[PDB]
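Participant: Take this sequence and fold it.
(chains A, B, C, D, E, F, G and H)
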Amino acid sequence: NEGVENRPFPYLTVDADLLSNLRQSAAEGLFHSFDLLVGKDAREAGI
Amino acid sequence: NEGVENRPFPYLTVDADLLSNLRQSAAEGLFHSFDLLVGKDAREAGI
Amino acid sequence: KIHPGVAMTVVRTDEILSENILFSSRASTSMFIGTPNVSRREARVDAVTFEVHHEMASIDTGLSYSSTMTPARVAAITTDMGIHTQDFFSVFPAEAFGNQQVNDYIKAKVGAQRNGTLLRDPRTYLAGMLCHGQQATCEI
Amino acid sequence: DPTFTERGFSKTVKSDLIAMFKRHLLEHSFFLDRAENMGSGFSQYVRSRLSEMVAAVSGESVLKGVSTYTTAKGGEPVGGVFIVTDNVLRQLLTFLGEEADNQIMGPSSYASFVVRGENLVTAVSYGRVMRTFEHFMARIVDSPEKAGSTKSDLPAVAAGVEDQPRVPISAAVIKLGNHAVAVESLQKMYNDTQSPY
Amino acid sequence: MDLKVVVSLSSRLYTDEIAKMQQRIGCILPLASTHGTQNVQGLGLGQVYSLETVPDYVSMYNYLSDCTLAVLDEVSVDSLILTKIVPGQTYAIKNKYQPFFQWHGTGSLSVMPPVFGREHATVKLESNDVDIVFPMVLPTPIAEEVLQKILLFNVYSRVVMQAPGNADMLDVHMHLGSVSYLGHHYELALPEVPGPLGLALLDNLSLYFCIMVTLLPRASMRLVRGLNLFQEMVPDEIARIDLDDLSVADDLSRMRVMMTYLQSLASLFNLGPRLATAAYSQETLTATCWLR
Amino acid sequence: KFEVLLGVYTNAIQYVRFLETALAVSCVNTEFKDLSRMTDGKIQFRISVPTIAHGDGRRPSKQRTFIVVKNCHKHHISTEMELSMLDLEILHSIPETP
Amino acid sequence: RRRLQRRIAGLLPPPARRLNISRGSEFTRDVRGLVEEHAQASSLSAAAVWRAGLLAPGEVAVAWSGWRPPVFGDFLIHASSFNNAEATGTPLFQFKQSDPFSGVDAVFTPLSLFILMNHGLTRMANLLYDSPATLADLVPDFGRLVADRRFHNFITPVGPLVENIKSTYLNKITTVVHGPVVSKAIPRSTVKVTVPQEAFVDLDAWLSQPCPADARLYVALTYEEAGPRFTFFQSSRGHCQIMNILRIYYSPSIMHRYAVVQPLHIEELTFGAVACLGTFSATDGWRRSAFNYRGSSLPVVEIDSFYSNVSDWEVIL
Amino acid sequence: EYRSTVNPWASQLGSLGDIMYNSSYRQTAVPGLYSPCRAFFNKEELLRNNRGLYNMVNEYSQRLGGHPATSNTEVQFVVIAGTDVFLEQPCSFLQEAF
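Facilitator: Numbering: from 1, shown residues only, chains lettered A, B, ... in the order given. Sure, the structure comes next:
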């Protein structure tokens, strides 16, 4: 849907890795609300 | 036109009265964005 | 008892009761316990209908699945895996042939209009509106 | 099982997983029905199916690092709970041995998320409350050059689930090797209320 | 603010009187006064629906719309503690009426005077010589249909006792012998022999109705000559050009008595004390209603 | 010649709390008092995916990042208990006789 | 004779209506006791109930003011037949079902009633209900029940919705059938009856001396040539006036119904019916608004401060 | 791969199986009887499961989106109330009968 916030937050460094089967899950839509930043989408956005 | 958030703010009291020709202004639309609260609805809204 | 020119297949459903397992990982969801509230709703002369309010808000803490459910053992088969063709004079009752004589004869020679009492889910019906187990509905 | 989900999904991988759905439905559907067929590798059979269950679940919660529930007798985190009926609880107690523990340490009372002053100001003005405003202000006002680590952010995720006295609740604790999962049945809670479980 | 109207009995009851009263522990009945204690002679419809005089629907309906009503709550052996209905609050009534018309939630109930026989709605008290007649309480569309069907049965019985060449007694009975509402197909108890010279219920209403529709066409002719063309195309013209000359005293007398017989009848077909339900639960046969 | 009654027996209801049952390891709870005022919740994950430098000439996926957000959903439970007005009038009154 | 004194001292005190105020800056205990009103809600604790006084008989009093609590009539409906995106204050219209023992109900908002009648207003009707066929069989024979012109005595208005829990399969709504329409939530907020602007007409605006204390909302089914319509009148008069006033207002359409078709039958002869829906303040009501859906919006008539009170159906001719 | 259909009287778009079974059920439909062919023939139900793998796996556990049958009756009806039923039909998932 890509109705995501996408503002530079103070993000919390958590221990658990969530990368397991991640891109395949986001490929077929496990979530309704998710965003795929590739390359120079991955800048922390402007205020 | 009903564009105002209508939230209970901590409002500031000013020195200068602004009360002259007010209902007359709001009758014909000197202000683009406003909200009239009459009697019962003049309560501050809920959080 | 001769064969016609066609050859049908028959579809049923067979309800199988189980006793499921439920696993979920540690701290799968994060919930907020709201404070309970009491509220009266109808106050007639003799008794006052109370009502308690409670609200919770459940949110996930992982991305992928974190809870699962498997059917452990069969308890029993709640339906009879049998022969009960559902009646097409009841699911399409507005359909009728040319004469009334031939239609009445056809409804006579087949099992037509055998249970016209319930035509909906009886849980939706109130209290107090073929004496064997649950007939699996065949279809042709 | 990630052994098929690595090259990306396609027509072929989705077809393969549909066929493996059909295979697992026709072979290993009722894992306690065909448990009682074999008797030798039988405690190991239920043990294998339950280890397969806690391996097919994804324990990657963000609250993984904080210790909320441990065993009383040893400092081992629980890592999941099993909800079954009564007969299956009795059968699994016989098959997985009576070596289960009786108690696990847990939180006594809930944590509290009371809206403090600054979050009240944001709620009053905009109606948007942020969780733990102290940590936001400590990150992007007070020295934002400090990069975040897990060891730094362990009080940030654990808001109030760590400052609770540990009191033991009663639960059967079976071990699938290195985890200590907890079986329990609430049918007791549902039977007196004349209600379907 | 208390509402207990405890009516006291002079001589205490037997056991079977209590056995009849405990099966009507939820019905309503009209009182005489709104005072804290009473005697038994002011209770429901005894003095107007007595067995010794000829009864009529009109005065029964007038008395029923007149006084306060009251659901009954407790039946002791010598006292009948009950509560009256004010329009301020809402109450819990039960459909314990012997012609059992099934109620429904959010329906509108009509407190009617009894038509289906005195013995269906009575508690024949012997220790005191009173007959507590309970009024019929039944839903308004069924009330309308049962009024139409008792009225047409009265008119059609009167015309076949007038002359047997009019109609057939099965033909009137295979239509008006049943009331239908939401598929609940009831059957009505009809007095097939009412007896001539009145002496029965629903004669005074039927006489009023038949005199009204008898005086109706010249009334319409007079009130269209008094005043247009649309009003002179809907009826047939044989009811339009009928007389044009009647004596003014008799014309005024007929118009005035037609007007009284219309206004009483039109006030009557509005069913008077009308109650409006909220949540009728027939697991316990309880309806929750208020005075509307 | 008497008819005897031997006992009236009444069950004691057990109370079952969430922090006492073993389903509370499955979810972490925080007493948020003013919950019906909160319209919606929102959790937000920024997931940066490190990738592997390969040997051959492929179309290289660059520094990827996943922003996934998840919402909360409310749950509203309510049952009806009844109380007769007689018991309430007896409650708010004051007695004097046994 | 002294026990009676202590009892009659408790049954004596009416609420103190007038009060000698001294200065408005004082805000003393007497004016607080005058302005305080007890709630229908508190948290489930001993102190909170014993201070809010929820266990008081008849009213709520901590230990007859012109104020009575409302009465709710709850209906269970097929969840497809009631678009759950509709607001709180919309007037529902329960159809009296012809099924003998059916515990399921068939309520209607007027928007859902519009697609029942015909088969912007039509755009919001078909966006709120993509399916004009699952409601065309709730009424089983709509063509017969309208073609004999007995549709008005089957529809019982049950006033506005107040709270609607969105269940999945069989939906439970809580309406208010009679009395003061107010919410039951943990933050209590005002409920306003919203009627669509194209359906709602006024009656003092159509007519263009005294001011009354309240105005009454009227609903009006009417059988036209092109099907029935559900117009919503607002009036500040009495009922027996309003029957003649709407007879005047429909005296065009009465001649139109006698003109475009000639009623050879006898059951066609009725021309709609009107039923009162309750009273509201006649001064500051029906401030208009727009009801915003996911993609579109219709203009809406937001009557605040309703006292729901349904009357029965009276024919118009 | 060596044929198109095992039968041409129910596989085609205008075939007889899609005549007497493709009628979409309404929750207010006064016959209301349960059908086992409408889980296999209902066209928009047959395209509901095209929303991705994880979407329909989520829809398997969130709601009873197929054609579920009621229980504990004389003849199986389309479940309408469903206030305390619990059923997982994978014949709505993968559309294959045994």
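
Participant: What segments of chain F are strands?
Facilitator: For chain F, the strands defined by DSSP state E cover F:27-31, F:42-49, F:64-71, F:73-79, F:82-84.

Participant: So which residue is dead centre in the chain?
Facilitator: Unless you meant another one, I'm taking chain A. residue A:35 (4.9 Å; Cα atoms, centre = their mean).

Participant: Are we agreed that it is in a helix?
Facilitator: No: applying DSSP: H, G, I helix; E, B strand; the rest coil, one finds residue A:35 to be strand, outside a helix.

Participant: what's across from the nearest residue to it once chain neighbours are set aside in the sheet?
Facilitator: Excluding the flanking residues, the one nearest residue A:35 by Cβ to Cβ, 6 or more residues apart in numbering or on different chains is residue F:67, at 3.9 Å. Bear in mind the C-beta positions are built from the backbone N, C-alpha and C, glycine included. Residues found in beta-bridge contact with residue F:67 (criterion: DSSP bridges) are residue A:35, residue F:46.

Participant: who's sitting farthest from the centroid in chain D?
Facilitator: residue D:125 (38.0 Å).

Participant: ok, it - contacts?
Facilitator: B:7, B:9 (Cβ atoms under 8 Å, 6 or more residues apart in numbering or on different chains).

Participant: ok, it to residue A:35 distance?
Facilitator: 28 Å (Cβ to Cβ, to the nearest Å).

Participant: Ok, residue E:107 next?
Facilitator: 55 Å.

Participant: Residue E:20 is in contact with residue E:123, isn't it?
Facilitator: Yes: taking Cβ atoms under 8 Å as the definition, residue E:20 is a contact partner of residue E:123 at 5.0 Å.

Participant: okay, these two: which has more neighbours?
Facilitator: residue E:123 (21 against 15; other Cβ atoms under 10 Å in any protein chain shown).

Participant: where do the strands sit along the chain?
Facilitator: Unless you meant another one, I'm taking chain A. Under DSSP E, chain A gives strands at A:34-38.

Participant: hm, I was asking about chain C
Facilitator: Using DSSP E, the strands of chain C run over residues C:16-24, C:29-33, C:37-43, C:47-60, C:67-77, C:79-85, C:134-138.

Participant: thinking again about what came up before, surely the residue nearest to residue A:35 and residue A:4 touch.
Facilitator: Yes: using Cβ under 8 Å, residue F:67 is in contact with residue A:4, at 5.1 Å.

Participant: neighbour count winner among these two?
Facilitator: Using other Cβ under 10 Å as the criterion, residue F:67 and residue A:4 rank with residue F:67 on top: 22 against 16.

Participant: Close to chain B: what parts of the stretch 101-250 of chain G are there?
Facilitator: For the stretch 101-250 of chain G, the residues in contact with chain B (Cβ under 8 Å from any Cβ of the partner chain) are G:187, G:189.

Participant: and the closest residue to chain B within the stretch 101-250 of chain G, how many neighbours?
Facilitator: Taking Cβ to the nearest Cβ, chain B has its nearest neighbour within the stretch 101-250 of chain G at residue G:187, 5.4 Å off. Close neighbours of residue G:187, defined as other Cβ under 10 Å, add up to 11.

Participant: Likewise for the one 5 residues further on?
Facilitator: The local packing count at residue G:192 equals 23, with neighbours defined by other Cβ under 10 Å.

Participant: For it, give me its contacts.
Facilitator: Residue G:192 touches G:88, G:89, G:302, G:303, G:304, G:305, G:306, counting by Cβ under 8 Å, 6+ apart.

Participant: between those, which is closest to chain C?
Facilitator: Scanning these for proximity to chain C, where the rule is Cβ to the nearest Cβ, the winner is residue G:88, at 16.0 Å.

Participant: Next, that closest one: secondary structure please.
Facilitator: coil.

Participant: For the residue in chain F positioned nearest to chain G, grab the count of nearby residues.
Facilitator: In chain F, no residue comes nearer to chain G than residue F:36, which is 4.0 Å away by Cβ to the nearest Cβ. Residue F:36: 16 surrounding residues under other Cβ under 10 Å.

Participant: Around the residue nearest to it when sequence neighbours are not counted, count how many other residues there are.
Facilitator: Closest residue to residue F:36 apart from its sequence neighbours, by Cβ to Cβ, 6+ apart: residue G:186 at 4.0 Å. Residue G:186: 20 surrounding residues under other Cβ under 10 Å.

Participant: Then residue C:139?
Facilitator: Residue C:139, neighbours per other Cβ under 10 Å, totals 22.
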